[PDB]
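For reference, the structure is listed below as structure tokens.
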Amino acid sequence: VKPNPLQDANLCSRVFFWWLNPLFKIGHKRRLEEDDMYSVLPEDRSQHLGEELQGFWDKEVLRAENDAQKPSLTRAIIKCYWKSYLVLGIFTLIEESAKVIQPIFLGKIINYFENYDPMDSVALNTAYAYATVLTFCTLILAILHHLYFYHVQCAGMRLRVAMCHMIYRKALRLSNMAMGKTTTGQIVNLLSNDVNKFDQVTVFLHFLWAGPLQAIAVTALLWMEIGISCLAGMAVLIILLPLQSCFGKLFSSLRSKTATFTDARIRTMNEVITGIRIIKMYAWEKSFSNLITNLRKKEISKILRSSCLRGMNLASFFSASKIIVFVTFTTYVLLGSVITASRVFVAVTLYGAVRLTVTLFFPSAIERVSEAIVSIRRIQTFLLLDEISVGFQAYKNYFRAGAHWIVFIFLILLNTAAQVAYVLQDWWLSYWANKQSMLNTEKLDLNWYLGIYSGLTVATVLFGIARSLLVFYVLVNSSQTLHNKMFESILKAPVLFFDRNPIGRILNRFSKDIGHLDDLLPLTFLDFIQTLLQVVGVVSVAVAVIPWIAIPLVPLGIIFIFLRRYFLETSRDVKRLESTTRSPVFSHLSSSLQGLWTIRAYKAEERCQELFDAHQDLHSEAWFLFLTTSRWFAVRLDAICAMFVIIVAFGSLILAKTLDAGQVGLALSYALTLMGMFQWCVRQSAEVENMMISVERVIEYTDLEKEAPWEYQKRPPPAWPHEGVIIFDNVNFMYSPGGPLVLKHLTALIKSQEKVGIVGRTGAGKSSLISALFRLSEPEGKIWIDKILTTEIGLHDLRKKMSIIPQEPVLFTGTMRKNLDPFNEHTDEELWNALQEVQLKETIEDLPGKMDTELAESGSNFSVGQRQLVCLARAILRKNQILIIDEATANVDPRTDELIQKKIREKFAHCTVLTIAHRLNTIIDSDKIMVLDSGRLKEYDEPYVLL
Ligand SMILES: CN(Cc1cnc2nc(N)nc(N)c2n1)c1ccc(C(=O)N[C@@H](CCC(=O)O)C(=O)O)cc1
């Protein structure tokens, strides 16, 4: 078998994940296929995780049925995992208490600089001890966290597998009456969507009691430093809760109505791609073009508002750390107290540790718990029924299509000012403290120091909103300008491009690639850019105070570039492995429920359980590597993130004769916030480069094959088709320019007022002549028609002056007035005349509207009869000379074909009919008959010499 190195591995080797080093060496240069993944632990099998939960549930059902109450499933999980969760909670409490001691010991180092004496050896040792104590909370938070996180993540897959095991076990005991209601789709959905919500619940389950505790623990510490002025900092942070939720209820609505404009358009596409040979033959491209162009404008106008709302939300999330500090400190100063550099940065650190945690971790645990409870209720109600007895080019082509190169310089200059203001607003307070500490009653005027601070506070918000708005607009304009190019490039492709590519591929592209281009790209781009810009500012602030922290920065930054690549090279296969191991489980589940009555004949219902367990163990193995490979990188990242802080603190302490308290506090208060932003910035690039593939495959289009232009300046006479004379010569045809033939050298010439017919068996080149004079694939061979040719004329002025009767009639979703005449070139009464001349006016007045009656789903309300008859009515109203009749019959012998053939008898007056015959008797009193066998003709004038 495949033993895993997770076991038989001592301590101090599982905190750094040292047992996963060899696997990387295999994934770096060999592309492991399926047999380089380790097995699962003996306590992670399906049969072990399912039987104990089944026993607990069977005991709970009896316990809750003997006494008159309802059986509950939520208790059967707490009766099992309570010990594990409360054991894990110890480290949660430890790491939550460790995040409060750091700002307490941060303020004790600045106090040493505030009272400095160059001849003193007792306080330096105390400062070193304080630094050593502070240098360990970071290590505790950075190193020992990734094992507890892996454990709390693994604590969910066990339940996820145990639920599916008993679900499948129950799915084989359903009666014939209970199965008549329950479909296979809802069962595979319950097993495919409702059980996947148990993976992210245990991660956010510990915030419901750690939020309010930490809030009070920090609020109690602010009173000892500043006083009442902390309330002015806590009164704003609460207001952010109802404001960010109410507007949420305003956003979701704007997301729903847009769907109404998104699906319908797609539906229209499903009717233009299926039937190109009819739309292109009738020259009806402009109608569908105008019908499609109108919906995209409304879709963009509805998307812009939601984009602006999301941009405003992000701008409010960016610069929310400046209002609280400004308010609390102007309140603290206006009361009559003196500002010092010992409490400012401590309060800043406390506020920054509180607000993010609260406003990002509290409103999500409730959603997670609600989804989990809904899923658990569904699964419980299900089990209670009775039983039986890329590259730089991909970015350049995507960015340069949005705006000119001036807007890019403008947005760069706009992005490179918000961070400068963000840093200067906090530097001004350090300058104020340093200027105040140098006094000996010669007080400081508040006007200047309070006006500069307000200006620096307002500029930050302004430059934070403008950048987001501009970025969102520029990135939406790109999709707006690419969708067009896609449409007018795909609309002009020849029939050879549609006869080989499936419709589902094109529809899937047009839907999901444009959805990705419109919805999630600008948000992720802006978030990544903001999180990346937030780190260079911290690095520059750290460097500008101590210029000697630029020497180790190069070795600390060189390692990351290689580490990211060395990780991705082997991490870019776990997703494929997981999907390939996950799909067969659903496949087997869906295919095993149909042939179920034969599994009851031979009473073997436990072998299928073992097969299901074996199928799920592969997905379990493929999922076990994901968490470990994801945690392998965070430890090495946090190592550098903590070494940076250690170096900063110690190098700043060992230079206590050059610097002062304000700037050491400033440099120390920023280094404690890098660990989260670095992780977020590293994470966002993954999704960016993952979703750029849709952009790249969108740009794959917009440059395809193209037929001849629609029209030239070679205008034919306005009365060109006055007489039907079609000559021929030895023409050879090939669909592809280098494939086989389907037809060979039809040489003839058709007279005017002549009813010519062709006799042949299906497959000998009989159904390809309509593709010749319609030039669907421009061949060699010069075809003269009425003093002009068929090659030096545009495609529209050649197919419009010709009529065609299709084999199988097609109808589009619209009005009866538009289906017979999209481009209005006639009056009102002529439509009634042409429709009664073909003898159908029952259905119209049997219906109310009878002129604007919309159809539905390809007009299934009608039959082949009136469909063929309305195609005949189109041929009637066309008012044309050349008529090509095709015959592919599946209809019945009664009055339909008699009526249509009599109408083609008397209605058509002396107009050059070219007919294709499938039954030898449909030709009645023909004038010219040709027989076309397996590659040429034996043609004669009259049928009297044939037989
Ligand atoms: C706690 N937190 C949420 C978090 C952290 N910092 C923030 N910083 C800002 N400015 N805004 C936030 N939304 C924010 N959110 C985090 C922190 C790290 C990762 C993270 O990088 N996770 C990776 C681990 C790293 C990796 O595998 O590459 C993963 O496997 O999913 C996720 C969320």
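Residues 8 to 396, 696 to 746, 756 to 1262 in the entry's author numbering are what the sequence shown lists, from first letter to last. In this text, a Cβ means the ideal position worked out from N, Cα and C, and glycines have one as well.
Near ligand 1: residue i beta-carbon under 7 Å from a heavy atom
i	result
residue 24	no
residue 164	no
residue 275	no
residue 948	yes
residue 1132	no
residue 725	no
residue 992	yes
residue 427	Within the chain, the sequence of modelled residues goes 396 then 696, so residue 427 has no position in this structure.
residue 794	no
residue 367	yes
residue 159	no
residue 997	yes
residue 300	no
residue 371	no
residue 943	no
residue 775	no
residue 846	yes
Distance CB(residue i)-CB(residue j) smaller than 8 Å
i	j	result
residue 1245	residue 1074	yes
residue 1197	residue 1118	yes
residue 331	residue 265	no
residue 748	residue 53	No coordinates exist for residue 748 in the structure shown, because the numbering of the chain passes directly from 746 to 756.
residue 1091	residue 1098	no
residue 10	residue 46	yes
residue 233	residue 976	no
residue 847	residue 996	yes
residue 1023	residue 1088	no
residue 845	residue 325	yes
residue 150	residue 953	yes
residue 990	residue 956	yes
residue 27	residue 33	no
residue 258	residue 313	yes
residue 357	residue 110	yes
residue 317	residue 924	no
residue 164	residue 60	no
Cβ separation of residue i and residue j, assumed to be a contact under 8 Å, to the nearest whole Å
i	j	result
residue 214	residue 369	6 Å
residue 1079	residue 1254	About 15 Å; that fails the 8 Å criterion.
residue 1205	residue 1233	Actually they do not touch by this definition, with Cβ atoms about 11 Å apart.
residue 1101	residue 1040	6 Å
residue 725	residue 852	5 Å
residue 1120	residue 1226	With 8 Å as the limit, residue 1120 and residue 1226 do not qualify as a contact, their Cβ atoms being about 13 Å apart.
residue 119	residue 130	6 Å
residue 1188	residue 1135	7 Å
residue 999	residue 839	6 Å
residue 720	residue 389	With 8 Å as the limit, residue 720 and residue 389 do not qualify as a contact, their Cβ atoms being about 55 Å apart.
residue 946	residue 205	Residue 946 to residue 205, Cβ: 20 Å. No contact.
residue 251	residue 210	So it is not a contact: roughly 22 Å between Cβ atoms.
residue 985	residue 856	5 Å
residue 1116	residue 1035	7 Å
Which residues DSSP lists as bridging residue i, in chain order
i	result
residue 1120	1200
residue 1230	1072 and 1200
residue 1059	1047
residue 1246	1074
residue 1100	1041 and 1103
residue 606	Because the chain is numbered 396 and then 696 with no intervening positions, residue 606 cannot be located in this model.
residue 1252	1247
Minimum length 4: unbroken alpha helix (DSSP H) runs contained in the segment 117 to 182: 130 to 149 and 152 to 177
Entirely enclosed alpha helix (DSSP H) segments - the segment 1140 to 1186, minimum 4 residues: 1144 to 1152 and 1157 to 1161
4-residue-minimum alpha helix (DSSP H) runs that sit fully inside the segment 182 to 237, ordered along the chain: 183 to 188, 191 to 199 and 218 to 229
Runs of alpha helix (DSSP H) lying entirely within the segment 699 to 733, each at least 4 residues, in chain order: none
Ordered list of alpha helix (DSSP H) runs contained in the segment 812 to 869, each at least 4 residues: 818 to 823, 829 to 833 and 836 to 860
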